[PDB]
Amino acid sequence: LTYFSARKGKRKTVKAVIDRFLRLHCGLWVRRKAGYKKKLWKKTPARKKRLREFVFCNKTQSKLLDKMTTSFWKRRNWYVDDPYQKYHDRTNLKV
Amino acid sequence: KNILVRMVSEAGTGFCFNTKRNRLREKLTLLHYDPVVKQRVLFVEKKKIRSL
Amino acid sequence: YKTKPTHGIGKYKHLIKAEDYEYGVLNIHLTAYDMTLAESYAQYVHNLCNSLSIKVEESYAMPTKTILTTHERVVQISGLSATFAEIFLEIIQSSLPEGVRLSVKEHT
Amino acid sequence: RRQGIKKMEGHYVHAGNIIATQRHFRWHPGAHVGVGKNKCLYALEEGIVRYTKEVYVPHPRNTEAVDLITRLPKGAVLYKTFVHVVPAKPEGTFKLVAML
Amino acid sequence: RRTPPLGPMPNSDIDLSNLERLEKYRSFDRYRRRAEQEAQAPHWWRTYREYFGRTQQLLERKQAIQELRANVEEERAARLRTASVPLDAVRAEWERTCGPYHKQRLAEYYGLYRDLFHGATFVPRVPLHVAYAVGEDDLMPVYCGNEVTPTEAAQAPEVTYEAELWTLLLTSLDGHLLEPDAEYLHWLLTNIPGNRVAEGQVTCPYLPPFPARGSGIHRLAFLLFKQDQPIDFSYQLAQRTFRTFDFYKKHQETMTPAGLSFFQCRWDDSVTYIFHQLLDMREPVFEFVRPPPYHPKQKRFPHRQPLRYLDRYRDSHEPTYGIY
Amino acid sequence: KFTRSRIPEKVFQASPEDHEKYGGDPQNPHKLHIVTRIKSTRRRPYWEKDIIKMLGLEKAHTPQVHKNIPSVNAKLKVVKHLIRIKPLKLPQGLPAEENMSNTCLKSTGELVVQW
Amino acid sequence: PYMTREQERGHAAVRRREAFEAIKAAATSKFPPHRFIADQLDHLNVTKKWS
RNA sequence: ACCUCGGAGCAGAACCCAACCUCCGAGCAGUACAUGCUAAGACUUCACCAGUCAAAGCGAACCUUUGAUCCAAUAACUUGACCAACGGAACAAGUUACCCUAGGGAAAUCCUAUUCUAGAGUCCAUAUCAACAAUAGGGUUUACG
RNA sequence: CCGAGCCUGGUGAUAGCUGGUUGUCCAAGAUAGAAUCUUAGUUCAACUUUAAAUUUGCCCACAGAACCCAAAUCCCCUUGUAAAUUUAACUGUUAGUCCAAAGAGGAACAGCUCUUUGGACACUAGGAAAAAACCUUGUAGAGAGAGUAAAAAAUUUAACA
RNA sequence: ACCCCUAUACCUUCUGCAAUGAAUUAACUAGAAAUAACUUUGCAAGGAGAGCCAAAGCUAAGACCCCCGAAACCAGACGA
Ligand SMILES: [Mg+2]
Ligand SMILES: [Mg+2]
Ligand SMILES: [Mg+2]
Ligand SMILES: [Mg+2]
Ligand SMILES: [Mg+2]
Ligand SMILES: [Mg+2]
Ligand SMILES: [Mg+2]
Ligand SMILES: [Mg+2]
Ligand SMILES: [Mg+2]
Ligand SMILES: [Mg+2]
Ligand SMILES: [Mg+2]
Ligand SMILES: [Mg+2]
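The listed protein sequences derive, respectively, from chains A, B, C, D, E, F and G. Take 122 as the starting number for the first sequence in my numbering and just add one per residue. Take -15 as the starting number for the second sequence in my numbering and just add one per residue. Take 238 as the starting number for the third sequence in my numbering and just add one per residue. Take 74 as the starting number for the fourth sequence in my numbering and just add one per residue. Take 11 as the starting number for the fifth sequence in my numbering and just add one per residue. Take 143 as the starting number for the sixth sequence in my numbering and just add one per residue. Take 58 as the starting number for the seventh sequence in my numbering and just add one per residue.
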């Protein structure tokens, strides 16, 4: 990515990441499963159910996405009826 | 070979689902569960989606 | 498991066989005027064989021949002892009901 | 393929845990052990996993096994390895909710 | 390496080269019977059980059978598969002949022996009969393992038994509310003269069954003891609680159990009446509470898990806002 | 392949000739081993190296006292080609608290409470 | 062997538990050391002279 | 010729593995049209992607071989070709001794001589030569269409 | 100095390639799977380092793991032990060499090509003549003390009743 | 002093010794920085000298990302 832009000197965001991943504020990244819309007629119902799910990313995947986005995408957003408002925070987590 | 076809509900709903039928075989009419109506209803073949 | 004392506790194929003067293969041919009589005598001889523990392989029949028709039956037998063959044959002789032709012919 | 036993004898197992993955029926489901479509053995209860050898009585509809068992000598008994889950916790307890 | 078997391997005794000369299982049912026999038989390997465990009378019977067979009507009905059997007569005859053994089986299955005498068993020689009069016209019986509501058991039951003294006792093996092992006595007649029961010594007055709501199903036992010579004995739970074990230890020299009849009681409105009117206390309500579902330790990064993973560990479903 | 070696149990069944030769009574066996490492763990498998570390025999020729119990003996059996085992002999019994600081391990294997 | 495998079972369990308790205590007692005003102020002595 | 996947050899006893390699077949077919929806807990081709199993619950009835993203089309549900070099450049082959640069590197199957004597040697082995084998000595070749 | 002149500029072109990369001292520190227009590279994993939190971790005695029809391995009460897991941050190494062993590459003894188990080398010292891979042995300094480890090749034959 | 005994130059690249570089001296000649973290201050449900972040955070500082080298390509000049 661009660590220092030529016009502002700022770090840039890889917009391919924004078009694909949702960041929960605690540091979790949510994504869709690859192929979840592809050739559903030849997939078993269990496979389709697995593919239709919103899925968390690895620690290293999350670290990569954090590096590839800027701090703007990592802020608290108080959207009106955000479906992920409850998921934006972790509860009863030990280490 | 077989072709993937779009069985469209005869219950008036926009619900359609995809099946496979032989090209040489006659157009399909089949009982299937309608989620919107919550009842088994007839479905008719509308158009050929592809040729597999 | 191989190292355990219970090794081979589940083997079964050794219990399945899928494939001292004694006779060979014996064919008993029963030609009869009556289908019912021929069938009844075939049943009787088969019951005698499987009660005397005789290895019976086949109970088929020849095609009908017309020159009225005579029905033909075959009984396959293997395994005979010295006195056992005598008793078996004499019982057959004394139990032949009416006008039937026996045979002790061999294969081929 | 990475198949085989996932939980050996004595291992604590939670409901739903896959006990063994297999291509044939090397291990058979015992008590509180279910079978998936692919013959995988999973635990139906929470408890300890035990492996035993038990007499095998195939389902009558299993024509091949019935033929095998009818072609068998009069004294023989088939044996198979079975996997059981010995449940640990009780189904529940009765608790005083209210002194009306 | 190969460790030799620690005993006779199965299918080894019959392992012979004369397979063709060996009679086979022509049928599935004979193999099933043999397999059940083998399963019952003990083994040196690990098994599922390890973990989840007069002459004149004979002559009369033969003659009676001969007469019944000779009766042509009986043969015609049997061959026409239309004959029937007198259930009441069969019941009485079974009670006399081998009913006590079946009742001992029932008691062992219901755990009455293990819970009352710490495993010490006996046989109910006396075909006792108990029945709680419902209304006036009929009376619900108490067999070995019956099901009777506390409404029907509100008043003391009529007892009949063809015998000659007797001590009759009623316990609730599992109705206790404080101590798991103890049990409540409901009514106890002692020194019964022969068959008549109204003359019995009412040491502890009659109590109806009181199984708490949602507390399951309780088993109540009528015990009957043959008595050689009378002995002087001795609405509060502390005095209704007692253990049949040491109670019968204190009287086993002259008392011997010869009758049993037990039944199952559920909750009923009569139990509310019992708890309030005469026990004079708030009735306890119990609920069957299953253990909380197991979840693995929550991870910081629930890789490949669905979004529901976070819900599996959150406690409150209502939105929270922290410092804001 | 090279693997762990399973020593047959008959190897560790002493004979009366062995009893006479080495002077140990099978009845009333000795309580404690004195084990010294006398061979390098280099060019030995990692499991032997690990057992040596567990037993605390990293320094050669440095006696270490261990219990004569089946688990310790199993580890010692794993590394028996690298060590010398001699019974600990207590002619005056185990030392008392008074003379705990006046003991000495004689080369014969005897812990003497005078030194 | 002096003891059998059944006799030795659990005979050292108490000591092993106490030793691991000590290990856990050492592992969980890790924390930054104290800081003292005396240590901060003693640095002023780098310019201590003779009057 | 192959490149992906699956089954068998190929690994004797958890897994993993003999890559390269050998054989076979699949880019599906049949069936059903709840062969739905949801959901504890798990497995996993050693990463990820992806791929599996599944209790409980709800609802109907009463399963046995592959391909991502973007992009297109569809009101949408969903669908599509290419990606088969099958983790896939959207679309590009031959050739350079006219070349340049940056670097790197340099057992079987053959022959010779002894041994057994087969035997030639006029007959006769051992005057001479010599077969198959053995012994030595020298050289060539390899698991790969 | 022409298979395409020269100069200047873009230009500090680009280089997965070569070469180089400068005080002292201590410490931890090893071969390893996947994908890749990829095998002279990289990314993930594994390993590695630091910091942190917590509680178990390794070894393992039984018991246990299939029919078709060997050596061992897995799993864990003890026990010996003191580590392990998790959290945060992170580079670098990673398509090696040799030795012992078991196998495959056509029912191929050796040679090669691979797979697996283990060791060693890239790390000290002693020895085997010299000596990366064999044997002995390692945790660091000084001593004009001592006990040892491995460590020395063997062989000299033809009478005959 | 030598004679005695011990001792297979250095760097870099190879799995490891062969290969690379070095006449020698002096001078010059090569690790530049963010996303987070961590540490130490300040203040604290608030921090910050507008903007930004905040479910103990925020602000500030400290620590960390080399040098030389092609054949080339293009533009504009200069050259018979
Ligand atoms: Mg395969
Ligand atoms: Mg996996
Ligand atoms: Mg490709
Ligand atoms: Mg590819
Ligand atoms: Mg030319
Ligand atoms: Mg020129
Ligand atoms: Mg450059
Ligand atoms: Mg070091
Ligand atoms: Mg590609
Ligand atoms: Mg490269
Ligand atoms: Mg030079
Ligand atoms: Mg001119």
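Just so you know, even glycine gets a beta-carbon here, dropped at the ideal spot from N, CA and C.
is_contact[residue i, chain F] using C-beta, thresh 8 Å
i       : result
G/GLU65 : yes
is_contact[residue i, chain A] using C-beta, thresh 8 Å
i        : result
B/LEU12  : no
B/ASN6   : no
E/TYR111 : no
Member of the options whose CA lies at the smallest distance from the CA of residue i
i        : options                                   : result
E/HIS228 : E/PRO160, E/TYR171 and E/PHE255           : E/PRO160
E/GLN287 : E/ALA164, E/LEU69, E/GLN50 and E/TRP55    : E/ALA164
B/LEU14  : B/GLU(-6), B/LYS31 and B/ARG7             : B/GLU(-6)
F/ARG185 : F/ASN244, F/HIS223, F/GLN206 and F/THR250 : F/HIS223
E/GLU174 : E/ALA192, E/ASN205, E/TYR194 and E/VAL144 : E/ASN205
E/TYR119 : E/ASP23, E/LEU90, E/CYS154 and E/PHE232   : E/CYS154
E/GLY63  : E/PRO18, E/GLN50 and E/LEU175             : E/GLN50
Listed by chain order, chain C residues near residue i by CB distance under 7 Å
i       : result
D/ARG96 : The contacting residues do not exist; D/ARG96 stays about 17 Å from chain C at best.
E/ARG40 : None at all; the shortest Cβ gap to chain C is about 15 Å.
Cutoff 8 Å: residue i Cβ touching any chain C Cβ
i        : result
E/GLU30  : yes
E/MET265 : no
E/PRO52  : no
CB of residue i within 8 Å of CB of residue j, strictly
i        : j        : result
D/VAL108 : D/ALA116 : no
C/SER315 : C/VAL282 : no
E/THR266 : E/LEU126 : no
F/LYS228 : F/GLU252 : no
D/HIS84  : D/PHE155 : no
F/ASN215 : F/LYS173 : no
E/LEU217 : E/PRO294 : no
F/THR250 : F/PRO237 : no
D/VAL139 : E/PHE38  : yes
Amino acids of chain A, ordered along the chain, whose beta-carbon sits closer than 8 Å to that of residue i
i          : result
B/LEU(-12) : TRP162
Partner residues on chain E for residue i, Cβ-Cβ distance less than 8 Å
i        : result
D/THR125 : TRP55, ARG56, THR57, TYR58, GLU60 and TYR61
A/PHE142 : Those do not exist, as A/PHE142 stays about 13 Å from chain E at its closest Cβ, beyond 8 Å.
Proximal residues of chain E, C-beta to C-beta of residue i below 7 Å
i        : result
A/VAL151 : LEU317
D/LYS79  : What D/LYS79 touches in chain E: nothing, since even the nearest Cβ is about 15 Å away.
Closer than 7 Å at the beta carbon, the chain A residues around residue i
i        : result
E/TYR304 : Result: empty, since nearest Cβ-Cβ is about 15 Å, beyond 7 Å.
Cutoff 8 Å: residue i Cβ touching any chain G Cβ
i        : result
F/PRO205 : no
F/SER157 : no
F/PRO171 : yes
F/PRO212 : yes
F/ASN241 : no
Minimum Cβ-Cβ distance from residue i to chain E less than 8 Å
i        : result
C/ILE246 : yes
A/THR165 : no
C-beta neighbour in chain D for residue i, strict 8 Å
i        : result
C/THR243 : yes
Chain D contact residues for residue i, given Cβ-Cβ distances below 8 Å
i        : result
E/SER225 : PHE167
E/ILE284 : What E/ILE284 touches in chain D: nothing, since even the nearest Cβ is about 13 Å away.
Within chain G, partners of residue i - CB distance below 8 Å
i        : result
F/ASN244 : Residues of chain G passing the Cβ test: none, with the nearest at roughly 26 Å.
Beta-carbon neighbours of residue i, restricted to chain E and to distances below 9 Å
i        : result
C/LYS239 : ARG11 and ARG12
Where residue i meets chain C, residues with beta-carbon distance less than 9 Å
i       : result
E/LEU26 : Correct list: empty, because the minimum Cβ distance to chain C is about 10 Å.
Taking a cut of 8 Å between CB atoms, which residues from the stretch 138 to 160 of chain D lie near chain C? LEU141, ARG144, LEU145, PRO146, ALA149, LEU151, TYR152, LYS153 and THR154
Members of the stretch 248 to 276 of chain C near chain D, C-beta cut-off 7 Å: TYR249, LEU252 and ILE253
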